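Just the one chain here, the form deposited in one PDB entry, laid out as structure tokens.
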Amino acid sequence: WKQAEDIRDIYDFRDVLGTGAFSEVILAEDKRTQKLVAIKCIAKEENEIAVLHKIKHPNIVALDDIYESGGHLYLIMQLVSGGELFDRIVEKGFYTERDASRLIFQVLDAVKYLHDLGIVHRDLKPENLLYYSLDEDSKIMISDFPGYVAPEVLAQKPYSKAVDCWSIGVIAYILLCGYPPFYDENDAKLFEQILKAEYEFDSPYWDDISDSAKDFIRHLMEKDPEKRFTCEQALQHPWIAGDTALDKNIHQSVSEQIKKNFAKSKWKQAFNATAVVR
């Protein structure tokens, strides 16, 4: 933790890379080194810095430094130039259970590590899952330090690290069909479906998906936090540890469902479709 006289003495603030609820992420140059970073600027509505600065993991975005101004906190992060999770899936032509499995393994591995350090996302979502670079074989990254929230947290019951495993469960669902497992225009009923963990592998969107992927999802999207798979157990499941994930081209359907259920995606495919032509 440092205290900048004027942070712009240290960093050249450029483009807004993304936007949060209470934050915005900005592309900046470290003027001292010429290296490119992402800076999360958080408005003012240590113990955290200590553990957060100790985070060293391939599939987690590094917290390089922290500066504090009059009314802001500036988190100097590893720059990632790959884009969000669903954006890439929608923009690329071939998608399989295998690609989904290879993505979940990484998320599990990263989250497991975070739980060993005592960190608990609790708000892990696809917007927090970014590709490291633009290449096809690029790894996924957790950036951060509406259905994704575990039933117990919404029940205001006591909860633990297991809430992240539920969140990972939900992402795996969308990664295989393209739409959230809990959907309703009325917010009140939506929270009831989540609290009851009531969901199905409805046809025909779930016709080509293997049984092992379903069983896997069932064990993470478990209402009981004590029956729910840990990161370790899910990492030991055949769908992640074995060879049960299929190589069926399930892209078109998953992609269209994402474009339908997520506003950003429909024209992210369009921008990229036009930008690549040149």
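Each residue number is its position in the shown sequence, starting from 1. Only the largest set of C-alpha atoms that superpose within 1.5 Å between the two forms is called the rigid core.
Keep in mind the form deposited in another entry is missing from the figure; the text below concerns it.
- With the rigid core aligned between the shown form and the other one, the listed residues 57, 248, 31, 214 include just one Cα displaced by at least 2 Å, namely that of 31.
- Core-superposed comparison between the shown form and the other one: the Cα of residue 72 travels 2 Å or more.
- Relative to the displayed conformation, the Cα-Cα distance from residue 154 to residue 21 shrinks by 3 Å or more in the other entry.
- Look at residue 22 and residue 88: in the other entry their Cα atoms move 3 Å or more farther apart than in this form.
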